[PDB]
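S.K.: the data below comprise the sequence and an experimental structure of the protein.
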Amino acid sequence: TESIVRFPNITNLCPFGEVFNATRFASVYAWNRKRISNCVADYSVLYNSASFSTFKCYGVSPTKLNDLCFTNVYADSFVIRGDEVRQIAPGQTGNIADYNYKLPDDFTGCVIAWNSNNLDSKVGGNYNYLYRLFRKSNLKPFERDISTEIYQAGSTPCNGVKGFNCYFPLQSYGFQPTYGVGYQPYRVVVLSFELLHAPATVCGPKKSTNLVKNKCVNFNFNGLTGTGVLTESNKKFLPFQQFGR
Amino acid sequence: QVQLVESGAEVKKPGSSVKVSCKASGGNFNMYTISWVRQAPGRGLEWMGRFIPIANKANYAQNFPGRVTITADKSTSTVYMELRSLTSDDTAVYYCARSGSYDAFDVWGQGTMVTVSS
Amino acid sequence: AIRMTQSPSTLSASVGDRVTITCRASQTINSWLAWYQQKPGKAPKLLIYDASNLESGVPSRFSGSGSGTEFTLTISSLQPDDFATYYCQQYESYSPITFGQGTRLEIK
Ligand SMILES: *[C@@H]1O[C@H](CO)[C@@H](O)[C@H](O)[C@H]1NC(C)=O
């Protein structure tokens, strides 16, 4: 007969203004990861905030983000050229998806990217952004490998000296404002919601209502949708237990 | 503690050429770019060129067309900046600066005083 | 080529006062701008980078602000050791990087 969206009570605003508006985004091989928790995340505000050339959300619709509570939200941010933006997705292959940043096949979160040619491209060439180019094995999901040791591509050992069959693993991009549209830096921000809902700490605004007992209600307890009659019970719940099932 | 050491003072004649050095000691030489900054007496600083070890490229200032040719020996982590066609207005201390981490010249060399006169 | 302009070119102040230096660009260089300090006979040392941060080891009295085309360096409590020439870099175009004309700070 009525809905009762009884979310946890918290008023902190998630620092999406400190991950999407950072002056410097980390290099793709050393992508910054920020764990966001204990705050209210207004994903609609960040959705309609700029010109996001790519807002692919995998496993959850962008509009439904305000109606869910997530256990952990990670904001992996980096800078990638235009042609390699497509490689930031599950089931992708290439230098970016294997040597720099690997998204798991069970990825659950949004992938956000916008063409930032006014901040990460300089006339002489911006070489602060480096992508790994040679590695022994492809990266496991969500792994950062910032080792700059010379990769031995031949039988003869390199012994830390680059030369024949010895190359430096990291190669710069060198963005310029007159580069191609597919060769401009795209400041990617990959949100990875840890969809567990048990210690749900990041939530949408979703103004709560008063709990209604002993009547058929369309409850929305902490992101656990359904329908039933919420009756107070004498269940011996432990302090660290949220839902019984 | 990265330390940059340059060559000694040089005295040349107008119309000749000079070539200074900048020995990069410590850290990783393959990532940070070395930028050469000159300062004529009584005047502000002036930028000359950049050596980009990661891309193995060298850039020169627009005001110096072909006058500056920057090379380096990555084996010994030594950067050489060559200035051609010295004149009376090129008497300046030629610093070498390491635009590390945040593109700013955090580490500056001791600077060599290059004097061009008869 | 982006041209940088400083103001005032020559300034004088006493110990413990407040000093403001304005280095205005000609084009939008976002927030890419660094502030140096060159005591005579020494190599300039970095003070501010990205136009607002503070370089490690720099005394906290140095503070920078501004973005776009006009920037500003300010010293909360001027000290005798802080009398030198302050330059502003514009590392938004690497062809060519243009320093400021130089702001010499003198004892009043
Ligand atoms: C980043 O800053 C701009 C300008 O203040 C603002 O319009 C935008 O909403 C900010 N982005 C976020 C994610 O807060």
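M.R.: Received the coordinates, thanks. Numbers count the residues shown, from 1 in each chain, chains lettered A, B, ... in the order given.

S.K.: same question for stretch A:73-84: list its buried residues.
M.R.: A:73-82, A:84 (16 or more other C-beta atoms under 10 Å in any protein chain shown). Just so you know, the C-beta spots here come from the backbone N, C-alpha and C atoms, and that holds for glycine as well.

S.K.: nearest to chain C, of those residues?
M.R.: residue A:79 (14.6 Å; C-beta to the nearest C-beta).

S.K.: one step back: with respect to residue B:40, which of the buried residues of stretch A:73-84 is nearest?
M.R.: residue A:79 (37.6 Å; C-beta to C-beta).

S.K.: re the thing from before, got CSV for the buried residues of stretch A:73-84, with secondary structure and distance to residue A:100 too?
M.R.: As requested, these are exported to CSV (DSSP: H, G, I helix; E, B strand; the rest coil; distance: C-beta to C-beta, whole Å):
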residue, secondary structure, distance to residue A:100
A:73, strand, 22
A:74, strand, 17
A:75, strand, 17
A:76, strand, 11
A:77, strand, 13
A:78, strand, 8
A:79, strand, 11
A:80, strand, 8
A:81, strand, 12
A:82, helix, 15
A:84, helix, 9
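
S.K.: these: which ones sit near chain B?
M.R.: When the buried residues of stretch A:73-84 are checked against chain B using C-beta under 8 Å from any C-beta of the partner chain, none falls in range.

S.K.: which SSE is immediately downstream of the longest helix anywhere in chain A?
M.R.: Longest helix in chain A, counting residues (DSSP state H): helix A:43-47. Downstream of helix A:43-47, the first helix or strand assigned by DSSP states H and E is strand A:54-58.

S.K.: buried residues in that next one, which are they?
M.R.: A:54, A:57-58.

S.K.: and it, what does it pack onto?
M.R.: If contacts are counted by 3 or more C-beta pairs under 8 Å, 6 or more residues apart in numbering or on different chains; DSSP states H and E, strand A:54-58 sits against strand A:109-115.

S.K.: report all helices and strands that the first helix or strand past the strand it packs on going along the chain contacts.
M.R.: Once strand A:109-115 ends, the next helix or strand along the chain (criterion: DSSP H and E) is strand A:130-132. When contacts are defined as 3+ C-beta pairs under 8 Å, 6+ apart, strand A:130-132 packs onto strand A:170-172.

S.K.: any residues of chain C in contact with chain A? List them.
M.R.: Residues of chain C lying near chain A (C-beta under 8 Å from any C-beta): C:30-31, C:50, C:91-95.

S.K.: quickly run through the sheet partners of the helix or strand hosting residue B:113, with directions.
M.R.: According to DSSP H and E, residue B:113 maps onto strand B:112-116. Its sheet considered, strand B:112-116 pairs with strand B:10-12 (parallel), strand B:92-100 (antiparallel) by DSSP bridges.

S.K.: ok, now which ones touch residue 52?
M.R.: In the absence of a named chain, this looks at chain A. A:112-114 (C-beta atoms under 8 Å, 6 or more residues apart in numbering or on different chains).

S.K.: wait, I meant chain C there
M.R.: C:31, C:64-65, C:67.

S.K.: okay, and which of those residues map to strands?
M.R.: Under the assignment DSSP state E, the contacts of residue C:52 contribute C:64-65, C:67 to strands.

S.K.: for the contacts of residue C:52, give me JSON lines that also has neighbour count.
M.R.: JSON lines is the format used below for the contacts of residue C:52 (neighbours: other C-beta atoms under 10 Å in any protein chain shown):
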{"residue": "C:31", "neighbour count": "18"}
{"residue": "C:64", "neighbour count": "23"}
{"residue": "C:65", "neighbour count": "13"}
{"residue": "C:67", "neighbour count": "16"}
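
S.K.: which stretches in chain A count as helices?
M.R.: Going by DSSP H, chain A shows helices at A:43-47, A:95.

S.K.: so which residue is dead centre in chain C?
M.R.: For chain C, the residue nearest the mean C-alpha position is residue C:35 (3.7 Å; C-alpha atoms, centre = their mean).

S.K.: do the same with chain B
M.R.: Closest residue to the average C-alpha location of chain B: residue B:36 at 3.2 Å, with C-alpha atoms, centre = their mean.

S.K.: what are the bridge partners for it, then?
M.R.: Residues in beta-bridge contact with residue B:36 (DSSP bridges): residue B:49, residue B:96.

S.K.: any idea how far chain C is from it?
M.R.: With distances taken as C-beta to the nearest C-beta, to the nearest Å, residue B:36 is found 11 Å from chain C.

S.K.: that residue contacts residue B:92, correct?
M.R.: No. The pair residue B:36 / residue B:92 is not scored as a contact, 10.8 Å apart, by C-beta atoms under 8 Å.

S.K.: hey, where'd the helices end up in chain B?
M.R.: Going by DSSP H, chain B shows no helices.

S.K.: residue of it closest to the ligand, please.
M.R.: residue B:102 (20.6 Å; C-beta to the nearest ligand atom).

S.K.: tell me which parts of chain A are close to chain C?
M.R.: A:23-24, A:118-119, A:122-126.
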